[PDB]
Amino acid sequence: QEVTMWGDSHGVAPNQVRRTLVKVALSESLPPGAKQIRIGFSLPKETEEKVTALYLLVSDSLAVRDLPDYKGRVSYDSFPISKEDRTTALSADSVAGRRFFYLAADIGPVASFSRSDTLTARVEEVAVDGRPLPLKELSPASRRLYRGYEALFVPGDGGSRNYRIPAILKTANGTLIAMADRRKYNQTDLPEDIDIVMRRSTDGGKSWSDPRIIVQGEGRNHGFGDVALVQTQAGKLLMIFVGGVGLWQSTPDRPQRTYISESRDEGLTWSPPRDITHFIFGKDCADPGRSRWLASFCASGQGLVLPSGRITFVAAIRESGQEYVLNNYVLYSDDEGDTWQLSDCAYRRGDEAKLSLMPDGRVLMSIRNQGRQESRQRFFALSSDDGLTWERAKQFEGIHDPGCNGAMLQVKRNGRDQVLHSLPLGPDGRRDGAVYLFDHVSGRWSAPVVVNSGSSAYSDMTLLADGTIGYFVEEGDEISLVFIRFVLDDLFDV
């Protein structure tokens, strides 16, 4: 009879309730004759000052996230603990054979958000009728306080086993749109059966509407996913996504197709999806130079609408069946989405790529590094004719890319034009989701700041009206899509 212990490392926000600090698992139910179990724990004053109440939670489930995040799919009992106390006890008849125990807290109304605000606790002893059990730590507890923190899509939500692939969008009217792959049966990509789902917020991300499936997968080989979002200059919302067979299964005559859909009511309703594959490649393509290309997909997340009105996304395109590599081209529209063209090639052996507007009006491309090329660094390219043509810009390199989709934001910080870039820190793996600041004038990257430790993958980033960063990340091995709000001073001041 051993006891295994996991401290929580997920972010918190003020006034949240029943946040797990430490969870422990009995390897066996309490034996008959056992009457009581007692849990002694430690918790520093700095954490105690940040909480308003403590709890012992007991459940038949051993869950990854805070138990309220499973919205009742996890049932549990809650016994309060005085925040000044350091032990609690419960009869074996109350535990009722259950094996999983949580030390949880209600977060106070803290108002600091510096890097120092880290909550922690640790279980020191689990005793059954006075007989202390052996406890082994698999994880330490450290939960950082952010101005906002909320899991928008959690495994099991609405009957979908999994979620992946975040996209976020802020509209000129302040509406936030959050979309995701609804991965119904497992976490793998197309050709699995996948839907596109969405939640909206009309109060700057304080609260979100219930998820609505806006594009429905119709079976294996007939799913949809990899959403990217823009707002066009005329005000209509534009989403772009792929559907069908997997990327490497696509062919010119049986392609994984690219679709667009639009919204003229702040993301409440969306037009029926429109196949635009024929503009890009394949059997219906008017350019015979691309008749025999095999596959294309736009990087999920956000595109870019230029000052001219031109709408753009970077497609990553498979041109040859003899290799498993992709080339980047800009997919753009000068007519509010009515028609679409391709730029000249922007990057050889690229992958998911993102655009942002340089302070001089040039366009910067950030290209995912696939296959651990070169020094395993993020790739960059520049365009000075609004996306039509491109050249490598090593001058922007200098951050590691373990091979993952990220996002850029052009921000002004202490009077300096800078670029915020989100990527897993790694190294060489999907761990510790971070952001970096690139100072434009010096051409120097900051040191990374880890927003979310642990398993971390795709991220997308939006700038809120007052300059708070909205950061939408894939958290965990079984991924949750988590919306985090912070200001740049919270992460980069000393």
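For every residue, the number given is its place in the sequence shown, counted from 1.
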{"query": "Mean C-alpha temperature factor, higher of 105 to 113 and 163 to 171", "finding": "105 to 113"}
{"query": "Between the two ranges 134 to 142 and 339 to 347, the one averaging a larger CA B factor in the entry", "finding": "134 to 142"}
{"query": "Top Cα B factor in the deposited entry, candidates 85, 195, 401, 352", "finding": "85"}
{"query": "Top Cα B factor in the deposited entry, candidates 225, 204, 303, 288", "finding": "288"}
{"query": "Chain third (lowest, middle, highest) by recorded CA B-factor, residue given as residue 329", "finding": "lowest"}
{"query": "Residue 480 by Cα B-factor - lowest, middle or highest third of the modelled chain", "finding": "lowest"}
{"query": "Record-listed C-alpha B factor of residue 188: chain third", "finding": "middle"}
{"query": "Chain-relative CA temperature factor third for residue 455", "finding": "middle"}
{"query": "Ranked against its chain, the third holding the CA B-factor of residue 66", "finding": "middle"}
